[PDB]
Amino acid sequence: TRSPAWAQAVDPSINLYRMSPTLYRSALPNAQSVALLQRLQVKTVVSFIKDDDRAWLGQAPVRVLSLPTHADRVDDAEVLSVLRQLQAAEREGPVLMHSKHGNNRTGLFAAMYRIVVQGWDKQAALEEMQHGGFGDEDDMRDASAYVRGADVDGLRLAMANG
């Protein structure tokens, strides 16, 4: 992230980056991350894996939105459902979305947010996904594969409908 438009680093230990005052991406957080998440005033923690975040969250007054998935199985239908739930969660306050390593599944949905919601073109979002410090491209084969060949116009159109 040297382009100021890319996600800014907050906590590289858990791969935590800021996309906006109301949206954060990261890897799997722990008990030590709770304090920081409350500074950022996170109200919703979206997870793309099965690990019950309520375990490390403790009695933190945040909503848990579990959306467990597999990057090699995601399609346009799942993406739209996630983007809608992310947007709705943003209206309630700042949101953290995460996975195991926060560069494949997270990198996929992050890039799609850039394209569908913020109106970035496909390659711009890709350049932030593969380069930006989230990981190396070997970790993102599934994510990279989907972003390419994804009908961005059909996604934006279907998004504008609902």
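From 1 onward, residues are counted along the sequence shown.
When the mean C-alpha temperature factors of 70-78 and 86-94 are read from the deposited coordinates, 70-78 comes out higher. A summary of the deposited B-factors shows that, of 95-103 and 126-134, the stretch with the larger mean C-alpha value is 126-134. Going by the entry's values, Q32 shows the largest Cα B-factor out of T44, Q41, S26, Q32. Split the chain's modelled residues into thirds by C-alpha temperature factor. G149 is in the highest one. The entry lists a Cα temperature factor for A143 that places it in the highest third of the chain's modelled residues.
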